[PDB]
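Residue numbers begin at 1 in each chain, while the letters A, B, ... track the order of the sequences. We count ligands from 1, going down the list as the structure has it; atoms in each ligand are counted the same way.
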Amino acid sequence: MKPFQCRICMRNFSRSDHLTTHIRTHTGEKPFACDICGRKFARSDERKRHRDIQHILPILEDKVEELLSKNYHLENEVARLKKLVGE
Amino acid sequence: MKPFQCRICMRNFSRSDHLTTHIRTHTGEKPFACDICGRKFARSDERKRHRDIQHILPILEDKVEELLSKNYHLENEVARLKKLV
DNA sequence: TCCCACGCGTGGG
DNA sequence: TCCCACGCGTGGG
Ligand SMILES: [Zn+2]
Ligand SMILES: [Zn+2]
Ligand SMILES: [Zn+2]
Ligand SMILES: [Zn+2]
């Protein structure tokens with residue numbers, strides 16, 4: 001059953017929310033803006049895939065590298081300090 | 001602009017690689033398996049979106065949490081030893 | 001409800 | 001046919 005019809009192209013859809021997003025293919029409406037870069041998308045899931053992989057993934061990869069490095073510097077300092085005070 | 005043709009459904013395509021992956025929709029071929037859960041995909045980019053979000057992001061979050069914890073304990077052995085000093 | 005995932009067309013490198 | 005990103009159909013929960 002496809003009870004929801006687009007009045008522009010007359011295509012029917014099984015879901016009303018899918019009819020709503022489909023209509024944006026005609027209107028060009030992009031309600032969802034990425035908070036990091038500002039790129040606009042027609043649907044929230046399109047914004048999510050974009051942000052997850054284009055931003056979150058590399059930010060977390062960079063963070064891991066950064067912490068490994070900070071932790072290495074701190075360990076070096078802790079080792080030095082330990083000798084200055086004994087241990 | 002669509003010089004390639006699928007001989008199963010007669011659809012025309014702009015590119016040879018796109019014709020190739022399209023044919024997989026008819027044959028059911030899924031060459032790409034996710035190394036983490038084993039799920040199969042027709043294309044590498046399908047496998048990538050799945051793996052990146054379903055497995056990798058959670059993994060990275062855990063890693064960052066773990067490293068942040070080690071960091072916090074080290075920034076503590078330091079403020080401390082410098083007190084002994 | 002309507003986010004989320006996935007399939008798959010299709011451009012770029 | 002390689003890798004990838006994004007649009008957009010559409011079911012699951
Ligand atoms: Zn329409
Ligand atoms: Zn963005
Ligand atoms: Zn075909
Ligand atoms: Zn997987």
Where the Zn ion (ligand 1) is the vertex, angle from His26(A) NE2 to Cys9(A) SG to 10°: 120°

The Zn ion (ligand 3) - name of the N/O/S atom of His22(B) that sits closest to it: NE2

Sole residue of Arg43(B), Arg47(B), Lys48(B), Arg49(B) in salt bridge (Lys or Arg N to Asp or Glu O under 4.0 Å) with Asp45(B): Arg43(B)

Under-4.0 Å salt bridge between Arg80(B) and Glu77(B): yes

Considering all heavy atoms, the nearest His50(A)-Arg39(A) contact: CE1-CD, 4.3 Å

Angle subtended at the Zn ion (ligand 2) by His50(A) NE2 and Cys37(A) SG, rounded to 10 degrees: 100°

Close side-chain approach of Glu87(A) to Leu81(B), heavy-atom, < 4.5 Å: yes

